[PDB]
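J.: Sharing data00.cif below, mmCIF, N, CA, C and O atoms:
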data_target
#
loop_
_atom_site.label_atom_id
_atom_site.label_comp_id
_atom_site.auth_asym_id
_atom_site.auth_seq_id
_atom_site.Cartn_x
_atom_site.Cartn_y
_atom_site.Cartn_z
N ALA X 1 7.69 12.09 20.76
CA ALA X 1 7.87 10.98 19.78
C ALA X 1 6.73 10.93 18.76
O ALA X 1 5.67 10.35 19.02
N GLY X 2 6.94 11.56 17.61
CA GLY X 2 6.02 11.45 16.48
C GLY X 2 6.18 10.11 15.79
O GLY X 2 7.19 9.43 15.98
N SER X 3 5.20 9.72 14.99
CA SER X 3 5.17 8.38 14.41
C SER X 3 6.17 8.23 13.26
O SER X 3 6.25 9.08 12.38
N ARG X 4 6.94 7.14 13.30
CA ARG X 4 7.90 6.82 12.24
C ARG X 4 7.18 6.04 11.13
O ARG X 4 6.47 5.08 11.41
N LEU X 5 7.38 6.47 9.89
CA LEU X 5 6.74 5.86 8.74
C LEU X 5 7.75 5.24 7.79
O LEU X 5 8.86 5.75 7.63
N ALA X 6 7.34 4.14 7.16
CA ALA X 6 7.97 3.65 5.94
C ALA X 6 7.03 4.03 4.81
O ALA X 6 5.81 3.85 4.94
N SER X 7 7.58 4.55 3.72
CA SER X 7 6.75 5.08 2.63
C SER X 7 7.40 4.97 1.26
O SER X 7 8.60 4.76 1.14
N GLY X 8 6.57 5.12 0.24
CA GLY X 8 7.01 5.13 -1.15
C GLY X 8 5.94 5.71 -2.05
O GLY X 8 4.74 5.57 -1.77
N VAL X 9 6.36 6.36 -3.13
CA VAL X 9 5.42 6.98 -4.06
C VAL X 9 4.84 5.90 -4.98
O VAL X 9 5.54 4.98 -5.40
N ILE X 10 3.56 6.02 -5.29
CA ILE X 10 2.87 5.05 -6.14
C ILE X 10 3.09 5.41 -7.61
O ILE X 10 2.49 6.36 -8.12
N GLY X 11 3.94 4.64 -8.29
CA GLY X 11 4.32 4.91 -9.67
C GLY X 11 3.65 4.00 -10.69
O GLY X 11 3.41 2.82 -10.41
N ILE X 12 3.36 4.55 -11.87
CA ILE X 12 2.74 3.81 -12.98
C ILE X 12 3.68 2.72 -13.47
O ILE X 12 4.85 2.97 -13.71
N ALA X 13 3.14 1.51 -13.64
CA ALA X 13 3.90 0.40 -14.21
C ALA X 13 3.48 0.18 -15.66
O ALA X 13 4.32 0.20 -16.56
N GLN X 14 2.18 -0.02 -15.87
CA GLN X 14 1.63 -0.30 -17.20
C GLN X 14 0.33 0.44 -17.47
O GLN X 14 -0.36 0.90 -16.55
N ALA X 15 0.01 0.56 -18.75
CA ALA X 15 -1.28 1.04 -19.22
C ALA X 15 -1.79 0.08 -20.29
O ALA X 15 -1.01 -0.64 -20.92
N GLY X 16 -3.10 0.07 -20.49
CA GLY X 16 -3.72 -0.75 -21.53
C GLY X 16 -4.96 -0.06 -22.04
O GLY X 16 -5.15 1.14 -21.82
N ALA X 17 -5.82 -0.80 -22.74
CA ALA X 17 -7.12 -0.29 -23.13
C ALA X 17 -8.03 -0.27 -21.90
O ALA X 17 -8.92 -1.11 -21.77
N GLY X 18 -7.77 0.67 -21.00
CA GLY X 18 -8.49 0.77 -19.73
C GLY X 18 -7.72 0.23 -18.53
O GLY X 18 -7.80 0.79 -17.44
N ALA X 19 -6.97 -0.86 -18.75
CA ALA X 19 -6.24 -1.54 -17.67
C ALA X 19 -5.03 -0.73 -17.20
O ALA X 19 -4.25 -0.24 -18.01
N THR X 20 -4.88 -0.62 -15.87
CA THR X 20 -3.78 0.13 -15.26
C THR X 20 -3.07 -0.73 -14.21
O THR X 20 -3.70 -1.55 -13.54
N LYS X 21 -1.76 -0.54 -14.09
CA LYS X 21 -0.97 -1.16 -13.02
C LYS X 21 -0.04 -0.12 -12.39
O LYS X 21 0.41 0.80 -13.08
N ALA X 22 0.23 -0.26 -11.10
CA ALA X 22 1.13 0.66 -10.39
C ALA X 22 1.89 -0.05 -9.27
O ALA X 22 1.44 -1.07 -8.76
N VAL X 23 3.03 0.52 -8.89
CA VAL X 23 3.91 -0.07 -7.87
C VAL X 23 4.35 0.98 -6.87
O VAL X 23 4.63 2.12 -7.24
N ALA X 24 4.44 0.59 -5.60
CA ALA X 24 5.02 1.43 -4.55
C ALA X 24 6.15 0.68 -3.84
O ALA X 24 5.91 -0.32 -3.16
N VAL X 25 7.38 1.16 -4.00
CA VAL X 25 8.53 0.62 -3.28
C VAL X 25 8.59 1.33 -1.93
O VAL X 25 8.97 2.50 -1.85
N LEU X 26 8.21 0.61 -0.87
CA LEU X 26 8.17 1.18 0.48
C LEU X 26 9.53 1.09 1.14
O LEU X 26 10.15 0.03 1.17
N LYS X 27 9.98 2.21 1.69
CA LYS X 27 11.28 2.28 2.33
C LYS X 27 11.13 3.02 3.66
O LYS X 27 10.50 4.08 3.72
N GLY X 28 11.68 2.45 4.72
CA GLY X 28 11.63 3.06 6.04
C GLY X 28 12.89 2.83 6.84
O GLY X 28 13.94 2.46 6.30
N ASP X 29 12.78 3.04 8.15
CA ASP X 29 13.91 2.96 9.06
C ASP X 29 14.31 1.51 9.28
O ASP X 29 13.47 0.61 9.23
N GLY X 30 15.60 1.29 9.51
CA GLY X 30 16.11 -0.05 9.78
C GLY X 30 15.80 -1.01 8.64
O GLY X 30 16.01 -0.67 7.47
N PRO X 31 15.28 -2.21 8.97
CA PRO X 31 15.06 -3.24 7.96
C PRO X 31 13.71 -3.15 7.23
O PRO X 31 13.41 -4.03 6.42
N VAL X 32 12.92 -2.11 7.52
CA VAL X 32 11.57 -2.00 6.97
C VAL X 32 11.63 -1.72 5.47
O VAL X 32 12.08 -0.65 5.04
N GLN X 33 11.16 -2.69 4.68
CA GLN X 33 11.14 -2.57 3.22
C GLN X 33 10.03 -3.43 2.65
O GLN X 33 9.70 -4.49 3.20
N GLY X 34 9.45 -3.00 1.53
CA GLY X 34 8.38 -3.75 0.90
C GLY X 34 8.05 -3.27 -0.49
O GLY X 34 8.52 -2.21 -0.92
N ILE X 35 7.25 -4.07 -1.20
CA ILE X 35 6.80 -3.74 -2.55
C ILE X 35 5.32 -4.02 -2.61
O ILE X 35 4.88 -5.13 -2.34
N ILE X 36 4.55 -2.99 -2.97
CA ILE X 36 3.10 -3.09 -3.03
C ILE X 36 2.65 -2.77 -4.44
O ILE X 36 2.95 -1.70 -4.97
N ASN X 37 1.92 -3.71 -5.04
CA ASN X 37 1.38 -3.57 -6.39
C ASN X 37 -0.09 -3.18 -6.36
O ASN X 37 -0.82 -3.55 -5.44
N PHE X 38 -0.52 -2.44 -7.38
CA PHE X 38 -1.91 -2.03 -7.51
C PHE X 38 -2.38 -2.35 -8.93
O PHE X 38 -1.63 -2.13 -9.89
N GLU X 39 -3.60 -2.86 -9.06
CA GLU X 39 -4.14 -3.23 -10.37
C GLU X 39 -5.62 -2.91 -10.53
O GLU X 39 -6.42 -3.12 -9.62
N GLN X 40 -5.97 -2.39 -11.71
CA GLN X 40 -7.35 -2.04 -12.05
C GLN X 40 -7.58 -2.33 -13.53
O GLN X 40 -6.85 -1.83 -14.38
N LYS X 41 -8.59 -3.14 -13.83
CA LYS X 41 -8.89 -3.53 -15.21
C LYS X 41 -9.64 -2.44 -15.96
O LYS X 41 -9.36 -2.17 -17.13
N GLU X 42 -10.60 -1.82 -15.28
CA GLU X 42 -11.43 -0.76 -15.86
C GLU X 42 -11.49 0.43 -14.92
O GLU X 42 -11.45 0.26 -13.70
N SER X 43 -11.58 1.64 -15.48
CA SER X 43 -11.75 2.85 -14.67
C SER X 43 -13.04 2.75 -13.87
O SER X 43 -14.04 2.23 -14.37
N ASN X 44 -13.01 3.22 -12.63
CA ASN X 44 -14.09 3.01 -11.66
C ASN X 44 -14.28 1.54 -11.27
O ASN X 44 -15.30 1.17 -10.68
N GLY X 45 -13.29 0.70 -11.57
CA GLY X 45 -13.32 -0.71 -11.19
C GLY X 45 -12.63 -0.90 -9.85
O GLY X 45 -11.93 -0.01 -9.39
N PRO X 46 -12.82 -2.07 -9.22
CA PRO X 46 -12.13 -2.33 -7.96
C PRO X 46 -10.62 -2.38 -8.16
O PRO X 46 -10.15 -2.75 -9.24
N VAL X 47 -9.87 -1.98 -7.13
CA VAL X 47 -8.40 -2.00 -7.18
C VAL X 47 -7.84 -3.10 -6.29
O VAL X 47 -8.08 -3.11 -5.08
N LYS X 48 -7.09 -4.02 -6.90
CA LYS X 48 -6.44 -5.11 -6.17
C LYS X 48 -5.06 -4.66 -5.68
O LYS X 48 -4.16 -4.40 -6.49
N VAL X 49 -4.90 -4.57 -4.36
CA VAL X 49 -3.64 -4.21 -3.73
C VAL X 49 -2.97 -5.47 -3.20
O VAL X 49 -3.56 -6.19 -2.39
N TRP X 50 -1.75 -5.74 -3.64
CA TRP X 50 -1.03 -6.93 -3.18
C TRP X 50 0.48 -6.75 -3.14
O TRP X 50 1.04 -5.90 -3.83
N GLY X 51 1.12 -7.58 -2.32
CA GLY X 51 2.56 -7.50 -2.08
C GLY X 51 2.90 -7.93 -0.67
O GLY X 51 2.15 -8.68 -0.04
N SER X 52 4.03 -7.44 -0.16
CA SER X 52 4.47 -7.79 1.19
C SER X 52 5.47 -6.80 1.73
O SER X 52 6.17 -6.13 0.96
N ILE X 53 5.53 -6.70 3.05
CA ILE X 53 6.42 -5.77 3.73
C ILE X 53 7.23 -6.54 4.76
O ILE X 53 6.69 -7.36 5.50
N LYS X 54 8.54 -6.28 4.81
CA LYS X 54 9.45 -6.95 5.73
C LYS X 54 9.93 -5.98 6.81
O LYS X 54 9.76 -4.77 6.69
N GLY X 55 10.51 -6.53 7.87
CA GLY X 55 11.20 -5.74 8.89
C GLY X 55 10.30 -5.00 9.86
O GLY X 55 10.78 -4.12 10.59
N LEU X 56 9.02 -5.34 9.88
CA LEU X 56 8.05 -4.71 10.78
C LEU X 56 7.98 -5.47 12.09
O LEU X 56 8.16 -6.69 12.12
N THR X 57 7.71 -4.76 13.18
CA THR X 57 7.44 -5.40 14.46
C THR X 57 6.15 -6.22 14.33
O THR X 57 5.25 -5.84 13.57
N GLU X 58 6.08 -7.33 15.05
CA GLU X 58 4.91 -8.20 15.01
C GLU X 58 3.68 -7.45 15.51
O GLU X 58 3.72 -6.82 16.56
N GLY X 59 2.58 -7.54 14.75
CA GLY X 59 1.32 -6.90 15.12
C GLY X 59 0.66 -6.15 13.98
O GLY X 59 1.02 -6.33 12.82
N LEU X 60 -0.31 -5.30 14.33
CA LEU X 60 -1.03 -4.48 13.35
C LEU X 60 -0.21 -3.24 13.01
O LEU X 60 0.55 -2.76 13.83
N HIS X 61 -0.37 -2.73 11.79
CA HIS X 61 0.32 -1.51 11.36
C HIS X 61 -0.58 -0.69 10.45
O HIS X 61 -1.05 -1.20 9.43
N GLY X 62 -0.82 0.56 10.83
CA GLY X 62 -1.55 1.50 9.99
C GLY X 62 -1.00 1.48 8.58
O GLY X 62 0.21 1.55 8.38
N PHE X 63 -1.90 1.36 7.60
CA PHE X 63 -1.52 1.19 6.20
C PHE X 63 -2.51 1.96 5.35
O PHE X 63 -3.67 1.58 5.24
N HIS X 64 -2.06 3.07 4.77
CA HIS X 64 -2.94 3.89 3.94
C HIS X 64 -2.20 4.84 3.01
O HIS X 64 -1.03 5.15 3.21
N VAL X 65 -2.92 5.29 1.99
CA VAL X 65 -2.42 6.29 1.05
C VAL X 65 -2.63 7.66 1.67
O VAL X 65 -3.73 7.97 2.15
N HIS X 66 -1.59 8.49 1.66
CA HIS X 66 -1.67 9.84 2.22
C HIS X 66 -2.57 10.72 1.35
O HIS X 66 -2.19 11.10 0.24
N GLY X 67 -3.76 11.02 1.86
CA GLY X 67 -4.75 11.81 1.13
C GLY X 67 -6.16 11.34 1.41
O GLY X 67 -6.37 10.35 2.12
N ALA X 68 -7.14 12.05 0.86
CA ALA X 68 -8.56 11.75 1.08
C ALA X 68 -8.98 10.47 0.37
O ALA X 68 -8.62 10.25 -0.79
N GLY X 69 -9.75 9.64 1.06
CA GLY X 69 -10.23 8.37 0.51
C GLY X 69 -9.13 7.34 0.34
O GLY X 69 -9.18 6.54 -0.59
N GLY X 70 -8.16 7.36 1.25
CA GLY X 70 -6.97 6.52 1.14
C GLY X 70 -6.76 5.52 2.26
O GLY X 70 -5.68 4.95 2.37
N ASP X 71 -7.78 5.30 3.08
CA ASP X 71 -7.68 4.32 4.17
C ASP X 71 -7.82 2.90 3.62
O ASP X 71 -8.83 2.57 2.99
N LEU X 72 -6.81 2.07 3.86
CA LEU X 72 -6.82 0.65 3.49
C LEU X 72 -6.78 -0.24 4.73
O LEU X 72 -6.50 -1.44 4.64
N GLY X 73 -7.07 0.34 5.89
CA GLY X 73 -7.10 -0.39 7.14
C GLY X 73 -5.71 -0.65 7.69
O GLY X 73 -4.86 0.24 7.70
N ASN X 74 -5.48 -1.88 8.15
CA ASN X 74 -4.19 -2.28 8.70
C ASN X 74 -3.68 -3.55 8.04
O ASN X 74 -4.45 -4.31 7.46
N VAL X 75 -2.38 -3.76 8.13
CA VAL X 75 -1.76 -5.02 7.74
C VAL X 75 -1.21 -5.69 9.00
O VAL X 75 -0.92 -5.01 9.99
N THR X 76 -1.08 -7.01 8.95
CA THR X 76 -0.61 -7.79 10.10
C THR X 76 0.74 -8.42 9.80
O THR X 76 0.88 -9.22 8.87
N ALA X 77 1.74 -8.06 10.60
CA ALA X 77 3.07 -8.63 10.50
C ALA X 77 3.18 -9.83 11.42
O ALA X 77 2.80 -9.75 12.60
N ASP X 78 3.68 -10.95 10.90
CA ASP X 78 3.86 -12.18 11.68
C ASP X 78 5.13 -12.12 12.55
O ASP X 78 5.75 -11.06 12.66
N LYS X 79 5.49 -13.23 13.18
CA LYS X 79 6.68 -13.28 14.04
C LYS X 79 8.00 -13.13 13.28
O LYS X 79 9.02 -12.81 13.88
N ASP X 80 7.99 -13.37 11.97
CA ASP X 80 9.15 -13.10 11.11
C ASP X 80 9.28 -11.61 10.77
O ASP X 80 10.31 -11.18 10.25
N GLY X 81 8.24 -10.83 11.05
CA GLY X 81 8.21 -9.41 10.71
C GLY X 81 7.68 -9.16 9.31
O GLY X 81 7.80 -8.05 8.78
N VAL X 82 7.08 -10.19 8.71
CA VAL X 82 6.60 -10.13 7.35
C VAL X 82 5.08 -9.96 7.35
O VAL X 82 4.36 -10.73 8.00
N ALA X 83 4.61 -8.95 6.62
CA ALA X 83 3.19 -8.72 6.43
C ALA X 83 2.86 -8.91 4.96
O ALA X 83 3.33 -8.15 4.12
N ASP X 84 2.08 -9.95 4.67
CA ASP X 84 1.56 -10.15 3.32
C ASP X 84 0.31 -9.30 3.17
O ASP X 84 -0.53 -9.26 4.07
N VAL X 85 0.21 -8.61 2.04
CA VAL X 85 -0.93 -7.74 1.75
C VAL X 85 -1.71 -8.30 0.58
O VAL X 85 -1.13 -8.71 -0.43
N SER X 86 -3.03 -8.33 0.73
CA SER X 86 -3.92 -8.75 -0.35
C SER X 86 -5.31 -8.18 -0.08
O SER X 86 -6.12 -8.77 0.63
N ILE X 87 -5.55 -7.00 -0.65
CA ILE X 87 -6.80 -6.26 -0.46
C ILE X 87 -7.40 -5.96 -1.82
O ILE X 87 -6.68 -5.71 -2.78
N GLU X 88 -8.72 -5.99 -1.90
CA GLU X 88 -9.42 -5.42 -3.04
C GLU X 88 -10.29 -4.28 -2.53
O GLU X 88 -11.11 -4.48 -1.65
N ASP X 89 -10.07 -3.08 -3.07
CA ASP X 89 -10.77 -1.88 -2.61
C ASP X 89 -11.35 -1.11 -3.80
O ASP X 89 -10.67 -0.91 -4.81
N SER X 90 -12.60 -0.69 -3.67
CA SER X 90 -13.29 0.07 -4.71
C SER X 90 -13.34 1.57 -4.40
O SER X 90 -13.80 2.36 -5.23
N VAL X 91 -12.86 1.96 -3.21
CA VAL X 91 -12.80 3.37 -2.81
C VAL X 91 -11.68 4.08 -3.58
O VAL X 91 -11.91 5.12 -4.21
N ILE X 92 -10.48 3.51 -3.51
CA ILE X 92 -9.34 4.02 -4.26
C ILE X 92 -9.48 3.71 -5.75
O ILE X 92 -10.20 2.80 -6.14
N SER X 93 -8.78 4.49 -6.57
CA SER X 93 -8.78 4.29 -8.02
C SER X 93 -7.41 4.66 -8.59
O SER X 93 -6.65 5.38 -7.96
N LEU X 94 -7.12 4.16 -9.79
CA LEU X 94 -5.89 4.48 -10.49
C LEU X 94 -6.14 5.46 -11.64
O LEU X 94 -5.25 5.70 -12.46
N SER X 95 -7.35 6.03 -11.68
CA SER X 95 -7.73 7.03 -12.68
C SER X 95 -8.80 7.96 -12.13
O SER X 95 -9.55 7.58 -11.21
N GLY X 96 -8.88 9.16 -12.68
CA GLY X 96 -9.86 10.16 -12.26
C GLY X 96 -9.25 11.26 -11.42
O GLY X 96 -8.03 11.41 -11.37
N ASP X 97 -10.11 12.03 -10.75
CA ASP X 97 -9.67 13.16 -9.93
C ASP X 97 -8.99 12.72 -8.63
O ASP X 97 -8.08 13.40 -8.14
N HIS X 98 -9.44 11.59 -8.07
CA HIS X 98 -8.82 11.01 -6.87
C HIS X 98 -8.03 9.74 -7.20
O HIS X 98 -8.11 8.73 -6.49
N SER X 99 -7.26 9.80 -8.28
CA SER X 99 -6.34 8.73 -8.64
C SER X 99 -5.21 8.70 -7.62
O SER X 99 -4.61 9.74 -7.34
N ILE X 100 -4.92 7.53 -7.07
CA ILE X 100 -3.83 7.40 -6.09
C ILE X 100 -2.45 7.40 -6.75
O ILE X 100 -1.44 7.38 -6.05
N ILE X 101 -2.42 7.43 -8.08
CA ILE X 101 -1.16 7.51 -8.82
C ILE X 101 -0.45 8.81 -8.47
O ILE X 101 -1.06 9.89 -8.51
N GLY X 102 0.83 8.71 -8.14
CA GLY X 102 1.63 9.88 -7.76
C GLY X 102 1.52 10.23 -6.29
O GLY X 102 2.29 11.06 -5.80
N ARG X 103 0.59 9.61 -5.57
CA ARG X 103 0.45 9.84 -4.14
C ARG X 103 1.30 8.84 -3.36
O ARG X 103 1.75 7.83 -3.89
N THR X 104 1.54 9.16 -2.09
CA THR X 104 2.47 8.40 -1.25
C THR X 104 1.75 7.36 -0.41
O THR X 104 0.80 7.67 0.32
N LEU X 105 2.21 6.11 -0.52
CA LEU X 105 1.75 5.02 0.34
C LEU X 105 2.60 5.03 1.60
O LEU X 105 3.83 5.13 1.51
N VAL X 106 1.95 4.91 2.76
CA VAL X 106 2.66 4.89 4.04
C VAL X 106 2.23 3.69 4.89
O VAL X 106 1.11 3.21 4.76
N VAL X 107 3.15 3.22 5.73
CA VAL X 107 2.84 2.22 6.76
C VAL X 107 3.48 2.63 8.08
O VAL X 107 4.66 2.99 8.13
N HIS X 108 2.70 2.58 9.16
CA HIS X 108 3.19 2.92 10.49
C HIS X 108 4.13 1.84 11.00
O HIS X 108 3.74 0.68 11.11
N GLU X 109 5.36 2.24 11.32
CA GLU X 109 6.35 1.31 11.85
C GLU X 109 6.08 0.92 13.30
O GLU X 109 6.53 -0.13 13.75
N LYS X 110 5.35 1.75 14.04
CA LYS X 110 4.95 1.41 15.41
C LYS X 110 3.75 0.47 15.37
O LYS X 110 2.77 0.74 14.68
N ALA X 111 3.84 -0.64 16.11
CA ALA X 111 2.83 -1.69 16.05
C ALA X 111 1.46 -1.23 16.53
O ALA X 111 1.33 -0.64 17.61
N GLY X 112 0.46 -1.48 15.69
CA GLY X 112 -0.96 -1.35 16.03
C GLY X 112 -1.30 -0.14 16.88
O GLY X 112 -0.99 0.98 16.48
N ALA X 113 -1.93 -0.34 18.04
CA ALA X 113 -2.32 -1.66 18.57
C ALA X 113 -3.46 -1.54 19.57
O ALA X 113 -3.64 -0.50 20.21
#
Could you render the structure from this file as structure tokens?

T.:
Amino acid sequence: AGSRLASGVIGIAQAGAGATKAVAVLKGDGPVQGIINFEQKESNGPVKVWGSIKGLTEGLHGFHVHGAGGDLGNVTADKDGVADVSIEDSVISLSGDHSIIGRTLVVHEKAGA
């Protein structure tokens, strides 16, 4: 039994004079679905990750971008199976050589734990 993932590619939403936005539509097995937004005002600036994921078993779930420097820790799903996400991370970026744009966001469907 290898780990089942819900995942989605991180796509560009907007550009500005430095400001970037991106979205990942997460899709997995059964009812697992979510939308995760990413925002950065300036290059090399902190990245605000926010959104929510539904259909997850209650508990912790591995949550990260597939690739180097892509660990965002875990998200916590409540008894409804809903995990609200709200992280600010300066490791990841939406520009440069390690831009998470075009890379795949994944969440472990197996709880924590």

J.: Pick out the closest residue to residue 66 of chain X from this set: X:17, X:23, X:1, X:106. Count all atoms listed in the file.

T.: X:106

J.: What's the 6 Å shell around residue 60 of chain X, counting all atoms listed in the file, without same-chain residues fewer than 4 positions away, as a PyMOL selection string?

T.: chain X and resi 74-77+108+110-113

J.: For residue 19 of chain X, find every residue with an atom within 7 Å (counting only C-alpha atoms), except residues of its own chain fewer than 4 positions away, and show them as a PyMOL selection string.

T.: chain X and resi 15+40-42

J.: Please produce a file of those selected residues containing N, CA, C and O atoms, as a compact mmCIF listing (two decimals), keeping the file's coordinate frame.

T.:
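Produced file out-v4.txt, reproduced below:
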# COMPACT_ATOMS: atom_id res chain seq x y z
N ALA X 15 0.01 0.56 -18.75
CA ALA X 15 -1.28 1.04 -19.22
C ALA X 15 -1.79 0.08 -20.29
O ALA X 15 -1.01 -0.64 -20.92
N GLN X 40 -5.97 -2.39 -11.71
CA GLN X 40 -7.35 -2.04 -12.05
C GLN X 40 -7.58 -2.33 -13.53
O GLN X 40 -6.85 -1.83 -14.38
N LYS X 41 -8.59 -3.14 -13.83
CA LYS X 41 -8.89 -3.53 -15.21
C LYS X 41 -9.64 -2.44 -15.96
O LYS X 41 -9.36 -2.17 -17.13
N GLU X 42 -10.60 -1.82 -15.28
CA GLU X 42 -11.43 -0.76 -15.86
C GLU X 42 -11.49 0.43 -14.92
O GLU X 42 -11.45 0.26 -13.70

J.: Quick one: pull the distance between atom CA of residue 8 of chain X and atom CA of residue 62 of chain X, Å, one decimal.

T.: 14.5 Å

J.: Tell me, in Å to one decimal, how far atom CA of residue 13 of chain X is from atom N of residue 29 of chain X.

T.: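 Atom CA of residue 13 of chain X sits 24.2 Å away from atom N of residue 29 of chain X.
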
J.: What is the atom O of residue 90 of chain X to atom C of residue 14 of chain X distance in Å?

T.: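 Atom C of residue 14 of chain X lies 18.8 Å from atom O of residue 90 of chain X.
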
J.: Pick out the closest residue to residue 47 of chain X from this set: X:30, X:101, X:5, X:89. Count only N, CA, C and O atoms.

T.: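 For residue 47 of chain X, the nearest of the given residues is X:89.
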
J.: Give me the residues near residue 25 of chain X as a PyMOL selection string, where near means some atom within 4.5 Å (using only N, CA, C and O atoms) and where sequence neighbours in that chain fewer than 3 positions away do not count.

T.: chain X and resi 7-9+34
